[PDB]
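A.B. asks: Sharing a structure, written as structure tokens. Questions coming.
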Amino acid sequence: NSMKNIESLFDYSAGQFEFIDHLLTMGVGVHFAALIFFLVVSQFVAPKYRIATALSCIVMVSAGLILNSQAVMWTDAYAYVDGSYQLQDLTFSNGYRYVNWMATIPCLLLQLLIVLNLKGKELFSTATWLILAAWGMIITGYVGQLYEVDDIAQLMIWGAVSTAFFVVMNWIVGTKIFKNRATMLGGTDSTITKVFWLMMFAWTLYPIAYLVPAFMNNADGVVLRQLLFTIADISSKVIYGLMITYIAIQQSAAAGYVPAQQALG
Ligand SMILES: CCCCCCCC/C=C\CCCCCCCC(=O)OC[C@H](O)CO
Ligand SMILES: CCCCCCCC/C=C\CCCCCCCC(=O)OC[C@H](O)CO
Ligand SMILES: *C\C=C(C)/C=C/C=C(C)/C=C/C1=C(C)CCCC1(C)C
Ligand SMILES: CCCCCCCC/C=C\CCCCCCCC(=O)O
Ligand SMILES: CCCCCCCC/C=C\CCCCCCCC(=O)O
Ligand SMILES: CCCCCCCC/C=C\CCCCCCCC(=O)O
Ligand SMILES: [Cl-]
């Protein structure tokens, strides 16, 4: 997993290396700061939607820990020798991000179905096919990135299969959204449409980072990839969670829940 990724192939100047480390540690503070927000505001959510904010708290920490682990692993592996940071130990890899995706993605999707006001049979059903679709996407994508150094052909083929799941996944998401927004309260039938387009954008940065080894196989591609993941993380997890929370609170007010009615006031 360490020799299979392109990061183990290049030396990095002090600028490139300190910039990556600063990206990873910044994502930590952003997520753990967001955690405190999602934690505090969960009281302003009616019980019907409160799980939606608790799932954001889980994502914030699941991502913050992996990011924090990525930073420490980033430093342990490289040592400044003769004007450039050089690989010293095989401990860094992007594979740990994919494991973070197996957990955060089901949490990001489940809280979307909760603000849409699904329940019972359809919730457990729609939730089962989206996760198995996301898992199939994450796994096929994990196998392909194991060849981002040896077999680029395999990366493409596995990337194609992973994209097949991605398309099917979003098709189910969009279908459920536009077939259930009329049920949403407080005027959130418009906000949920915006969250969807936020989804379609942020989630599409990952496959672009997945392909950086194919069109920019250099140290500046390693920096571009992490910069892409950083933009994607902050949008698919933080901003996405803020919109989900705003929707959760808004409907809580419309339903007559006072802590949300006084919070928005
Ligand atoms: C040889 C390797 C095997 C190739 C196979 C891997 C490719 C999978 C892609 C599409 C089919 C799977 C998706 C089919 C989804 C049908 C179920 C569904 O979508 O229903 C959900 C519903 O909208 C909510 O209740
Ligand atoms: C490896 C490449 C394989 C080929 C893949 C490339 C082709 C992509 C085509 C469509 C994307 C669909 C994205 C999902 C967009 C949301 C669709 C939706 O919301 O559902 C329709 C709705 O019911 C209407 O009102
Ligand atoms: C941290 C949050 C999320 C939603 C991570 C999401 C990742 C993806 C949607 C990755 C998608 C890929 C596809 C479409 C095909 C190439 C390989 C990937 C797994 C990177
Ligand atoms: C309520 C407080 C909100 C902010 C959360 C706490 C802020 C923590 C700040 C930095 C993250 C700590 C982990 C980064 C490690 C830095 C050293 C390294 O490069 O590995
Ligand atoms: C591969 C694993 C498939 C998982 C299937 C989906 C499981 C989702 C089950 C529900 C978890 C969230 C429960 C929150 C519901 C809130 C509504 C209520 O309070 O009754
Ligand atoms: C660690 C928990 C794993 C959970 C797996 C359950 C989800 C399975 C979904 C579809 C898997 C499709 C990927 C094909 C596997 C072959 C790739 C390989 O050889 O490693
Ligand atoms: Cl991530």
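Labeling convention for the structure tokens: chains A, B, ... as they appear, residues from 1 per chain, ligands from 1 in order of appearance.
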For residue 104 (chain A), work out the shell of residues within 9 Å, counting only C-alpha atoms and skipping chain neighbours fewer than 4 positions away, then give it as a PyMOL selection string.

C.D. replies: chain A and resi 55-56+58-60+62-63+99-100+108-109+237

A.B. asks: Name all residues at most 10 Å from region 17-19 of chain A (count only C-alpha atoms; drop same-chain ones fewer than 6 positions away) and give them as a PyMOL selection string.

C.D. replies: chain A and resi 11+74-75+78+80+84-86+219+222-223+226-227

A.B. asks: So that I have them on file, write out the residues from the current selection with C-alpha atoms, as a PDB file, in the first residue's frame.

C.D. replies:
```
ATOM      1  CA  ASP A  11      11.323  13.520  -3.179  1.00  0.00           C
ATOM      2  CA  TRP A  74       3.229  11.854   6.576  1.00  0.00           C
ATOM      3  CA  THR A  75       5.983  13.017   8.941  1.00  0.00           C
ATOM      4  CA  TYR A  78       9.892  11.308   5.351  1.00  0.00           C
ATOM      5  CA  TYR A  80      14.765  16.066   5.473  1.00  0.00           C
ATOM      6  CA  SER A  84      14.695  17.667   0.262  1.00  0.00           C
ATOM      7  CA  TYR A  85      12.375  15.408   2.231  1.00  0.00           C
ATOM      8  CA  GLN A  86      13.010  11.780   1.271  1.00  0.00           C
ATOM      9  CA  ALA A 219       5.490  15.583  -6.998  1.00  0.00           C
ATOM     10  CA  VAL A 222       0.805  14.513  -5.135  1.00  0.00           C
ATOM     11  CA  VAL A 223       0.155  18.059  -3.914  1.00  0.00           C
ATOM     12  CA  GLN A 226      -4.282  16.201  -1.527  1.00  0.00           C
ATOM     13  CA  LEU A 227      -5.517  19.697  -2.392  1.00  0.00           C
TER      14      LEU A 227
END
```

A.B. asks: Go through the chains and note each residue within 10 Å of ligand 6, using only C-alpha atoms and all ligand atoms, then give the set as number ranges by chain.

C.D. replies: A: 99, 102-103, 131-144, 158, 161-162, 165

A.B. asks: How close does chain A get to ligand 7? List, as CSV, each residue of chain A within 8 Å, its nearest atom pair and the distance in Å to one decimal, counting only C-alpha atoms and all ligand atoms.

C.D. replies:
```
residue,atom,partner,partner_atom_place_in_ligand_line,distance
A:63,CA,ligand 7,1 (Cl),6.4
A:67,CA,ligand 7,1 (Cl),8.0
A:97,CA,ligand 7,1 (Cl),5.3
A:98,CA,ligand 7,1 (Cl),7.3
A:100,CA,ligand 7,1 (Cl),6.4
A:101,CA,ligand 7,1 (Cl),6.3
A:229,CA,ligand 7,1 (Cl),6.4
A:230,CA,ligand 7,1 (Cl),7.7
A:232,CA,ligand 7,1 (Cl),7.4
A:233,CA,ligand 7,1 (Cl),5.3
```

A.B. asks: Within 9 Å of ligand 4 (counting only C-alpha atoms and all ligand atoms), which residues show up? I'd like them as a short mmCIF file (atom, residue, chain, number, x, y, z; two decimals) with N, CA and C atoms, in the first residue's frame.

C.D. replies:
```cif
data_model
loop_
_atom_site.label_atom_id
_atom_site.label_comp_id
_atom_site.auth_asym_id
_atom_site.auth_seq_id
_atom_site.Cartn_x
_atom_site.Cartn_y
_atom_site.Cartn_z
N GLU A 18 5.84 20.70 3.47
CA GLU A 18 5.19 21.45 4.53
C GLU A 18 3.81 21.94 4.13
N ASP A 21 1.50 18.69 4.68
CA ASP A 21 1.29 18.53 6.12
C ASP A 21 0.35 19.60 6.66
N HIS A 22 0.44 20.82 6.13
CA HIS A 22 -0.44 21.89 6.59
C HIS A 22 -1.87 21.68 6.11
N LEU A 24 -3.31 18.61 5.75
CA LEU A 24 -3.88 17.53 6.54
C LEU A 24 -4.24 18.00 7.94
N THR A 25 -3.34 18.74 8.59
CA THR A 25 -3.61 19.21 9.94
C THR A 25 -4.70 20.28 9.95
N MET A 26 -4.85 21.02 8.85
CA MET A 26 -5.93 22.00 8.78
C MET A 26 -7.29 21.31 8.68
N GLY A 27 -7.37 20.23 7.90
CA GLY A 27 -8.60 19.47 7.85
C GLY A 27 -9.02 18.93 9.20
N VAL A 28 -8.05 18.64 10.07
CA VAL A 28 -8.36 18.20 11.42
C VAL A 28 -9.11 19.29 12.17
N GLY A 29 -8.49 20.47 12.29
CA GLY A 29 -9.12 21.55 13.02
C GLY A 29 -10.48 21.93 12.47
N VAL A 30 -10.64 21.85 11.15
CA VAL A 30 -11.92 22.21 10.54
C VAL A 30 -13.00 21.21 10.94
N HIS A 31 -12.66 19.92 10.98
CA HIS A 31 -13.66 18.91 11.31
C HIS A 31 -13.99 18.92 12.79
N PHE A 32 -12.97 18.97 13.65
CA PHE A 32 -13.22 18.97 15.09
C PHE A 32 -13.89 20.26 15.54
N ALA A 33 -13.63 21.37 14.85
CA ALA A 33 -14.39 22.58 15.12
C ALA A 33 -15.85 22.41 14.69
N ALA A 34 -16.07 21.78 13.54
CA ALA A 34 -17.44 21.51 13.10
C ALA A 34 -18.14 20.56 14.06
N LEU A 35 -17.41 19.57 14.59
CA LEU A 35 -18.00 18.66 15.57
C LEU A 35 -18.65 19.43 16.72
N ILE A 36 -17.93 20.40 17.28
CA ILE A 36 -18.47 21.18 18.38
C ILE A 36 -19.76 21.87 17.95
N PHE A 37 -19.81 22.34 16.70
CA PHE A 37 -21.02 22.99 16.21
C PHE A 37 -22.16 21.98 16.10
N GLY A 64 -11.72 13.36 10.95
CA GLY A 64 -10.66 14.04 11.68
C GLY A 64 -9.56 13.10 12.13
N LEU A 65 -9.93 11.90 12.60
CA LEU A 65 -8.93 10.94 13.05
C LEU A 65 -8.09 10.44 11.88
N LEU A 67 -7.56 11.93 9.02
CA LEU A 67 -6.70 13.04 8.62
C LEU A 67 -5.54 13.20 9.59
N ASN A 68 -5.83 13.20 10.89
CA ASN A 68 -4.76 13.32 11.88
C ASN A 68 -3.77 12.18 11.75
N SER A 69 -4.25 10.97 11.43
CA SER A 69 -3.35 9.85 11.19
C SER A 69 -2.55 10.06 9.91
N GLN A 70 -3.17 10.66 8.89
CA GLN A 70 -2.46 10.92 7.64
C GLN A 70 -1.31 11.90 7.86
N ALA A 71 -1.51 12.89 8.74
CA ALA A 71 -0.46 13.87 8.99
C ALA A 71 0.73 13.24 9.71
N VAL A 72 0.47 12.54 10.82
CA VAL A 72 1.56 11.92 11.57
C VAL A 72 2.28 10.90 10.70
N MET A 73 1.53 10.08 9.96
CA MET A 73 2.15 9.14 9.03
C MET A 73 2.95 9.88 7.96
N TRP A 74 2.50 11.08 7.58
CA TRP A 74 3.23 11.85 6.58
C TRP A 74 4.61 12.26 7.09
N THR A 75 4.70 12.60 8.38
CA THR A 75 5.98 13.02 8.94
C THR A 75 6.87 11.82 9.27
N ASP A 76 6.29 10.75 9.81
CA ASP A 76 7.09 9.58 10.17
C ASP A 76 7.80 8.99 8.97
#
```

A.B. asks: What's around residue 245 (chain A) at 10 Å? Count only C-alpha atoms, leave out sequence neighbours fewer than 2 positions away in its own chain, and write the answer as JSON, numbers by chain.

C.D. replies: {"A": [38, 41, 42, 44, 45, 49, 50, 52, 53, 54, 56, 111, 115, 239, 240, 241, 242, 243, 247, 248, 249, 250, 251]}

A.B. asks: Store the residues of this selection in a file with C-alpha atoms, as a tab-separated table (two decimals), in the first residue's frame.

C.D. replies:
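As written to disk, out-v5.tsv reads:
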```tsv
chain	number	residue	atom	x	y	z
A	38	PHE	CA	-22.98	19.86	15.26
A	41	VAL	CA	-26.96	22.46	17.81
A	42	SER	CA	-28.29	18.91	18.18
A	44	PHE	CA	-32.23	22.55	18.55
A	45	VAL	CA	-33.42	19.55	16.50
A	49	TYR	CA	-34.32	14.49	12.76
A	50	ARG	CA	-31.85	14.53	15.66
A	52	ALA	CA	-29.16	13.53	11.22
A	53	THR	CA	-26.95	15.84	13.29
A	54	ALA	CA	-25.49	12.93	15.26
A	56	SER	CA	-22.55	14.52	11.08
A	111	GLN	CA	-28.83	11.49	7.15
A	115	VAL	CA	-34.33	14.82	6.18
A	239	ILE	CA	-20.61	22.14	4.16
A	240	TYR	CA	-22.83	19.18	3.25
A	241	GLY	CA	-23.47	18.64	6.96
A	242	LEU	CA	-24.28	22.31	7.49
A	243	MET	CA	-26.93	22.17	4.76
A	247	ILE	CA	-32.75	21.48	6.68
A	248	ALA	CA	-33.16	19.44	9.87
A	249	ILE	CA	-33.69	22.56	11.98
A	250	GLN	CA	-35.99	24.27	9.47
A	251	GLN	CA	-38.38	21.31	9.35
```

A.B. asks: Please write out the residues within 9 Å of ligand 2 as a short mmCIF file (atom, residue, chain, number, x, y, z; two decimals) with C-alpha atoms, in the first residue's frame, counting only C-alpha atoms and all ligand atoms.

C.D. replies:
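Contents of the output file pocket13.cif:
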```
data_model
loop_
_atom_site.label_atom_id
_atom_site.label_comp_id
_atom_site.auth_asym_id
_atom_site.auth_seq_id
_atom_site.Cartn_x
_atom_site.Cartn_y
_atom_site.Cartn_z
CA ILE A 157 -10.69 -0.59 -15.74
CA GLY A 159 -12.19 3.03 -12.17
CA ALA A 160 -14.78 2.26 -14.84
CA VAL A 161 -16.48 -0.37 -12.66
CA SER A 162 -16.37 1.97 -9.66
CA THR A 163 -18.01 4.64 -11.82
CA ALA A 164 -20.81 2.22 -12.75
CA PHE A 166 -21.31 5.79 -8.64
CA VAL A 167 -23.79 6.52 -11.45
CA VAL A 168 -26.34 4.00 -10.16
CA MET A 169 -25.88 5.38 -6.65
CA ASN A 170 -26.60 9.00 -7.58
CA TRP A 171 -29.50 7.91 -9.79
CA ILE A 172 -31.16 6.40 -6.72
CA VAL A 173 -30.36 9.50 -4.65
CA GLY A 174 -31.76 11.95 -7.19
CA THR A 175 -34.80 9.76 -7.79
CA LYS A 176 -35.69 9.66 -4.10
CA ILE A 177 -35.05 13.40 -3.70
CA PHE A 178 -37.33 14.62 -6.49
CA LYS A 179 -39.97 12.02 -5.52
CA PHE A 196 -28.07 17.31 -4.35
CA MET A 200 -22.86 15.85 -7.51
#
```

A.B. asks: Can you work out which one of A:57, A:7, A:2, A:156 has the shortest atom-to-atom distance to residue 39 (chain A), counting only C-alpha atoms?

C.D. replies: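 Of A:57, A:7, A:2, A:156, the one nearest residue 39 (chain A), counting only C-alpha atoms, is A:57.
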
A.B. asks: When you count only C-alpha atoms, which of these residues is closest to residue 91 (chain A): A:51, A:228, A:79, A:3?

C.D. replies: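 Selected residue with least distance to residue 91 (chain A): A:3.
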
A.B. asks: Report, in Å to a single decimal, how far apart CA of residue 236 (chain A) and CA of residue 206 (chain A) are.

C.D. replies: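 Atom-to-atom, CA of residue 206 (chain A) and CA of residue 236 (chain A) are spaced 10.3 Å apart.
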
A.B. asks: What separation in Å, quoted to one decimal, exists between CA of residue 9 (chain A) and CA of residue 205 (chain A)?

C.D. replies: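 That distance, rounded to one decimal, is 23.3 Å.
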
A.B. asks: What are the closest atom pairs, with distances in Å to one decimal, for all residues of chain A lying within 8 Å of ligand 5? Consider only C-alpha atoms and all ligand atoms, order rows by chain and residue number, and present the result as CSV.

C.D. replies:
```
residue,atom,partner,partner_atom_place_in_ligand_line,distance
A:47,CA,ligand 5,19 (O),6.9
A:48,CA,ligand 5,19 (O),5.6
A:49,CA,ligand 5,16 (C),7.0
A:51,CA,ligand 5,14 (C),6.1
A:110,CA,ligand 5,12 (C),6.9
A:114,CA,ligand 5,16 (C),6.8
A:119,CA,ligand 5,17 (C),6.5
A:120,CA,ligand 5,20 (O),7.6
A:123,CA,ligand 5,8 (C),6.9
A:124,CA,ligand 5,6 (C),4.7
A:125,CA,ligand 5,6 (C),6.8
A:126,CA,ligand 5,6 (C),7.5
A:127,CA,ligand 5,6 (C),4.4
A:128,CA,ligand 5,5 (C),3.9
A:129,CA,ligand 5,3 (C),7.4
A:131,CA,ligand 5,1 (C),5.9
A:132,CA,ligand 5,1 (C),5.8
```

A.B. asks: Using only C-alpha atoms, which of A:198, A:15, A:258, A:94 sits nearest residue 244 (chain A)?

C.D. replies: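 Distance minimum relative to residue 244 (chain A) lands on A:198.
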
A.B. asks: Nearest to residue 180 (chain A): which of A:95, A:16, A:10, A:112 is it, counting only C-alpha atoms?

C.D. replies: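 Closest to residue 180 (chain A), using only C-alpha atoms: A:112.
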